[PDB]
Amino acid sequence: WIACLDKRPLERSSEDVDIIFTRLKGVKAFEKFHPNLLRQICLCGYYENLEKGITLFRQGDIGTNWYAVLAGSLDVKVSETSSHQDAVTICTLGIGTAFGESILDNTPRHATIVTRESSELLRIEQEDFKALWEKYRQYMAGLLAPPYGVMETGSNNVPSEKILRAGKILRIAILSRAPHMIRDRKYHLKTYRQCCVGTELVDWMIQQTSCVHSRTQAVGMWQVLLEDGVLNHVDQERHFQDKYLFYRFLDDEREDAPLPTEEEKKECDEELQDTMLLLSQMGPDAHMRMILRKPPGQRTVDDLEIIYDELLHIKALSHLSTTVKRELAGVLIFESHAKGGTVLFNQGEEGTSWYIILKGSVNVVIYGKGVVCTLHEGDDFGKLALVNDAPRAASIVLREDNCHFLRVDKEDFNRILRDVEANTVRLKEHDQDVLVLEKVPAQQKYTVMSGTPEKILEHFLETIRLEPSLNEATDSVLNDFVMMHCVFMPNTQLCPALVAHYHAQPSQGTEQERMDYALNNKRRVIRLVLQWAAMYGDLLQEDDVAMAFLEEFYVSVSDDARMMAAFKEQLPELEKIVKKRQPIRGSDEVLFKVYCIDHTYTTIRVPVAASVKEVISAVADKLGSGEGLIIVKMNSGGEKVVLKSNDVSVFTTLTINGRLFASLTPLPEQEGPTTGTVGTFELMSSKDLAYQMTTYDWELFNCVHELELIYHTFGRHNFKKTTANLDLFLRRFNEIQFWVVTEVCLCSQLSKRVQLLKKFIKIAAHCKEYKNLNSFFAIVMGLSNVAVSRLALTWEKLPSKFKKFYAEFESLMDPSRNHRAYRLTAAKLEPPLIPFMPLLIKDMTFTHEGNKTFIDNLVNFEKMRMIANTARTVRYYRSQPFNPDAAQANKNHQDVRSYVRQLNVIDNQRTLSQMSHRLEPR
């Protein structure tokens, strides 16, 4: 769709307009637009991909364009004077919002609008927009600010359509499967009619799906129906409870209630699981609203956690830190207003609160100018209340009925700020920050927030508790530094620094205390070195600086073996011994074939960790360096990419069928297989295939060193070391993915093509049972490919029970609330398991890009801990060996093993889309 939008309006065809429309349908901004109006926007709209900090226009300028936000958010700034640096930020708009319609009557811009993050916009020019307004004026009244549109959308009672059906479907399911749940019940001399019991509804919901993982989560989903009037407490309680309390469904209020028909039961079978997925998405916010209705002081510990978890998904709060957000839950106010036109606050009043829109829309009004812009769900306003004692700079008028707000008061937010500062300890040199610490509630434990490498090291050393009983808690504390040091303090600095600390002199204390210091300091440095050696581990210590330090450090500690040497016996083990799949080491020499144009072999013998500069040198061993264009990564689609000279261990960074080169045309072999399976894997046992897949997947998984996750995230070149093991384990996800796509597309007959889907679903099931979530996800993704989803006739013939299996598997792939479905699923499983690795990589990549490693000359150690948290999660997943659980691989399944480990595949989407169309025409 970006391709279409880049093109000129007059040049894009009718099918070009079709696919941008398919994109802009789901786009939150246009979800209220008329279909015909939208197509005209598609026809004449321009695309804009802007950076952070770009001002589109200033207050007073001549407007040229109207805008609609597709990605990101922007600030609205207004000055009361004629000087731009008196401009206060009054609001922020994002995904749901459009702006700039003042160009319709040549009105000078009301405000200055600047991006606050990387943003994507659609824009329409003034003449296209004026013309558009003339033709579709009737459909634009609610969308545009007055005088161009109307002030209030209420234009002067809702049981939601989808919740009403949701409640209806679930009730059919209950009556069919567990009729005992809906009956007349009696308690305390009173008889209550056709009703349910709270706990039993929670019991039922848990057993009837795989997407509900706690009694708490189930309460949130039932609240969706109770909030909307669809499920009603037998008295008038406003909230659903996991208790012995009675509740009655809506169409059970009728006394003359008829039995569900055969046609009604049929559609319940089709919709139930899909209804469950909807409620699981709607549940968390309905639960937050329920809790927030209780005043601050009456919120339990569990209450706070329910609020907090949802707050992390509200974009307007994301800029705030973890400590602040954790405190916010206890203070946050929920607020609902019934009628549009309600004035929330007036310009010139005391700015007491900041607001965030959970539901509805508002008009921002400045006296003397009118409606400056309109805000929608997700947007925020009244920000100045948390900056100054200045009065309100604008007025807020409700644009529609039934608006919900999140509210933050000035007294509370300021109390929260100084409480966390009073909990912050700052060490200073020349009155400049050098170490920042927060206290740990739960001898005084601290958490390292930020500091210089030297003070961070100094801190972690002093914290080392030597008491042998506190053995692993001491090791646990040191792990973040030891695992992450390479980023902020590479061995170049750490190793000399450790030497100085070992030979350091006491600067404080009694004469007797200063005599003792040298001992306790020396053996604290030793403790760190041991764990530091245990991090890099055996056969990764092949760092020159690191080995040199250790040799001399052995001499130093030997010199004074006079007091305690009980841990000195642990040092020559790491000195003498330094100075299935096997893990690729980087020093390992590898024979690699390189190609020139007209496809010619060049077998080279280099270490894995060799640089691109080191590659060229061995290529020119044929004599004749510096000729033509050298070294390019070759995609199977033809997409050529050149790599820089300081790149390391490139060989495993290729696409599945990619080749390394030195116009450019790919090898004919890079197009993969031409014919399908023919018996083989599809006549093998699904459980056997999955077992052999999982066996293999562990071998690669256990080859991956924990520091490889660190190198990959922070850039491979910056450490000059390999990630070969991780690279091959990551490739396997795509290999399995494309393997499903390849074989399905290569199957010519429909009868046999349906049998493949059946088999791939079966293998995915057994993968999940073995706790191989990686390969499970890889299959499900390949099964979700456009070239496979398109085959409607294939899915049509697929038996109903396998359709239910795949529906359940898809729901687990739900990206909703940062892959919540997956997170809750993975956490309840025990250590022997393989995670959805692409997500773990993406987790670390997101944290790296969203936070600065150096915050103006100080290390962001809070950032370091967050990356290390995901890495430590891998260690937990590998902390137990994979059990075949007997009765399986008894030296006979060599055929299944051989197939699994030697997958030949098509990684070219175009080829696979063509093939998909030739099987089942559009």
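Residues numbered from 1 in each chain as written, not as in the entry; some residues may be left out. Heavy atoms only, no water. Residues with missing side-chain atoms left out of burial classes, pairs and counts.

- As recorded in the PDB entry, the chain goes by RAP GUANINE NUCLEOTIDE EXCHANGE FACTOR 4 and comes from Mus musculus.
- The PDB lists this entry under the title "Structure of the cAMP responsive exchange factor Epac2 in its auto- inhibited state".
- The UniProt entry for the chain carries the following comment under Function: "Guanine nucleotide exchange factor (GEF) for RAP1A, RAP1B and RAP2A small GTPases that is activated by binding cAMP. Seems not to activate RAB3A. Involved in cAMP-dependent, PKA-independent exocytosis through interaction with RIMS2."
- Taken verbatim from the UniProt record of the chain, the Subunit comment is "Interacts with RAP1B, RIMS1 and RIMS2. Probably part of a complex with RIMS2 and GTP-activated RAB3A." (UniProt positions renumbered as here; feature names shortened; annotations may be inferred.)

### Considering the overall build of the chain
Here is step 1 of the chain: Secondary structure assignment for the chain yields 32 helices and 29 strands.
Here is step 2 of the chain: Here the chain has a C-alpha radius of gyration of 32 Å; the compact-globule value for 922 residues is 29 Å, and the two agree.
Here is step 3 of the chain: C-alpha atoms of the chain, sized along the principal axes, occupy 90 × 80 × 75 Å. (Helix = DSSP H or I, 4+ residues; strand = E, 2+ residues; numbered from the N terminus. Rg over C-alpha atoms; globule rule 2.2 N^0.38 Å.)

### With respect to the nonpolar core
Here is step 1 of the chain: Counting 122 residues, the largest nonpolar core has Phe481, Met484, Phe488, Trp532, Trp739, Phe760 and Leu783 as the members making the most contacts within it.
Here is step 2 of the chain: Ranked by residues supplied to this core, first place goes to helix α22 (residues 724-746) with 12 residues.
Here is step 3 of the chain: Apart from the residues within four sequence positions on either side, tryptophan 739 is in contact with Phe681, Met693, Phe760, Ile763, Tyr899, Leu903 and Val905.
Here is step 4 of the chain: Counting 34 residues, the second-largest nonpolar core is a separate cluster that includes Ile169, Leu201, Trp222 and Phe240. (Core = buried A, V, L, I, M, F, W, Y, C linked by side-chain atoms within 4.5 Å. Buried < 20%, exposed > 50% of the residue type's maximum accessible area, 1.4 Å probe, protein only. Contact = heavy atoms within 4.5 Å.)

### Regarding the UniProt feature "binding site: 3',5'-cyclic AMP" in the chain
Here is step 1 of the chain: The positions UniProt marks with the feature "binding site: 3',5'-cyclic AMP" are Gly382, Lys383, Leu384, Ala385, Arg392 and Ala393.
Here is step 2 of the chain: For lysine 383, the contacting residues outside a window of four places in its chain are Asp75, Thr89, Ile90, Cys91, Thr92, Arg116 and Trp354.
Here is step 3 of the chain: A polar contact of 3.5 Å, which involves the side chain of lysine 383, links it to the side chain of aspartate 75.
Here is step 4 of the chain: Within the fold, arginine 392 resides in the loop between β18 (380-381) and β19 (395-398).
Here is step 5 of the chain: Here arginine 392 falls in the buried class, since its relative accessible area comes to 9%.
Here is step 6 of the chain: Setting aside anything within four residues of it in sequence, one finds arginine 392 in contact with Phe345, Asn346, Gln347, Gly348, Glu349, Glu350, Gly351, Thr352, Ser353, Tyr355, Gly382 and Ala385. (Polar contact = N/O pair within 3.5 Å; in protein donor to acceptor, adjacent residues only side chain to side chain.)

### Focus: the sheet that holds strand β27 (residues 640-642)
Here is step 1 of the chain: On the basis of which strands lie adjacent, the open sheet formed by 3 strands has the order β27-β26-β28 and antiparallel pairing. Each edge of the sheet is formed by a strand with only one pairing partner; in this case those strands are β27 and β28 (659-661). Ignoring strand direction, the axes of neighbouring strands in this sheet form an average angle of 30°.
Here is step 2 of the chain: Pairing of strand β26 (residues 632-634) with β28 involves 3 bridges; the strand directions are antiparallel. The residue of β28 that forms the bridge with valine 632 is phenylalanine 661. (Pairing = 2+ DSSP bridges. Axes fitted to C-alpha atoms, helices over the stretch in contact; angles between N-to-C directions.)

### Observations concerning the packing of aromatic side chains
Here is step 1 of the chain: Taken as a whole and assessed by the stated rule, the structure comprises 49 aromatic pairs.
Here is step 2 of the chain: Clustering of aromatic rings is evident, with ring pairs tying together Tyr691, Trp698, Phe701, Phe729, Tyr770 and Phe882.
Here is step 3 of the chain: Residue placement shows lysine 804 over the ring face of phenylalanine 805; its charged tip is 5.3 Å from the ring centre.
Here is step 4 of the chain: Against the face of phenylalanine 701 rests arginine 878, its NZ or CZ located 5.5 Å from the ring centre. (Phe/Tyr/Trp six-rings, centres within 6.5 Å; stacked < 30°, edge-to-face > 60°. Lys NZ or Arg CZ within 6 Å of the ring centre and 35° of its normal.)

### Re the sheet that holds strand β12 (residues 246-249)
Here is step 1 of the chain: Spatially, β9-β10-β12-β11 is the arrangement adopted by the 4 strands of the open sheet, whose pairing is antiparallel. The outermost strands of the open sheet, each flanked by one partner alone, are β9 (183-187) and β11 (231-233). Each strand of the sheet is rotated relative to its neighbour by a mean of 50°, with strand direction disregarded.
Here is step 2 of the chain: The sheet contact formed by β11 and β12 spans 3 bridges and is antiparallel. Of the residues in β12, the one forming a bridge with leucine 231 is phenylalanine 249.
Here is step 3 of the chain: Docked against the sheet, helix α8 (residues 215-227) engages β11 and β12, running at close to 90° with respect to β11.

### Comments concerning the environment of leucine 279
Here is step 1 of the chain: By the secondary structure assignment, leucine 279 is in helix α9 (residues 262-292).
Here is step 2 of the chain: The sequence separation of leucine 279 and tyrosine 355 amounts to 76 residues, and the corresponding C-alpha distance is 27 Å.
Here is step 3 of the chain: The contacts of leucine 279, once residues within four sequence positions are left out, are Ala166, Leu170, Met221, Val224 and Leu225.

### A short note on the pairing of strand β20 (residues 403-409)
Here is step 1 of the chain: For β20, the buried fraction is high: 7 of the 7 residues fall into the buried class.
Here is step 2 of the chain: Burial along β20 is two-sided: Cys403, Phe405, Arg407 and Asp409 facing one way and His404, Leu406 and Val408 facing the other are all buried.
Here is step 3 of the chain: With 5 bridges connecting them, strand β13 (residues 333-337) and β20 associate as antiparallel partners. Bridge assignment links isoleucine 333 to a residue of β20, and that residue is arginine 407.
Here is step 4 of the chain: Relative to β20, strand β15 (residues 353-359) is paired through 6 bridges, and the arrangement is antiparallel. Counted as the bridge partner of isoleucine 356 is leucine 406 from β20.

### Observations regarding the environment of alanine 868
Here is step 1 of the chain: For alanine 868, the location among the structural elements is in helix α30 (residues 861-877).
Here is step 2 of the chain: Residue classification places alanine 868 among the buried positions, given a relative accessible area of 0%.
Here is step 3 of the chain: Residues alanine 868 and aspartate 856, spaced 12 residues apart in sequence, show a C-alpha to C-alpha distance of 22 Å.
Here is step 4 of the chain: Those residues within four positions of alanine 868 in sequence are excluded, and the remaining contacts are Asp480, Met483 and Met484.

### Examining helix α10 (residues 301-311)
Here is step 1 of the chain: Listed in full, the buried residues belonging to α10 are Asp303, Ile306, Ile307, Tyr308, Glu310 and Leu311.
Here is step 2 of the chain: In this structure, the buried residues of α10 make contact with α8, α9, α11 (322-328), β20 and α28 (816-827).

### Thoughts on the packing of α9 against α10
Here is step 1 of the chain: It is the contact of α9 with α10, at a shortest axis distance of 9 Å, that shows an interaxial angle of 130°. By the angle between their directions, the pair α9 and α10 is classed as oblique. Crossing hand, α9 versus α10: left-handed. Touching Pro284, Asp285, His287, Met288, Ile291 and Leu292 of α9 are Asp303, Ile306, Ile307, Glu310 and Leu311, all from α10. (Parallel < 35°, antiparallel > 145°, perpendicular 65-115°, else oblique. Left-handed = near helix turned anticlockwise from the far one by under 90°.)

### Considering the domain arrangement of the chain
Here is step 1 of the chain: Here the chain is partitioned into domain 1 (1-155), domain 2 (156-260), domain 3 (261-439), domain 4 (440-579), domain 5 (580-658) and domain 6 (659-922).
Here is step 2 of the chain: Domain 2 and domain 6 are separated by 40 Å when their C-alpha centres are compared. (Domains from an automatic or database assignment.)

### Section: the packing of helix α20 (residues 686-701) against helix α31 (residues 894-901)
Here is step 1 of the chain: Look at α20 against α31: their axes get within 9 Å of each other, and the N-to-C directions meet at 55°. What the angle tells us is that α20 and α31 run oblique. Judged by the sense of rotation from one axis to the other, the crossing of α20 with α31 is right-handed. Contacts between α20 and α31 involve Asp688, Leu689, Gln692, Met693, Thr695, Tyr696 and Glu699 from the first element and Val896, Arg897, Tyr899, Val900 and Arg901 from the second.
Here is step 2 of the chain: Residues belonging to the contact of α20 with α31 are distributed by class as follows: 6 nonpolar, 2 polar and 4 charged. (Nonpolar A, V, L, I, M, F, W, Y, C, P; charged D, E, K, R; others polar.)

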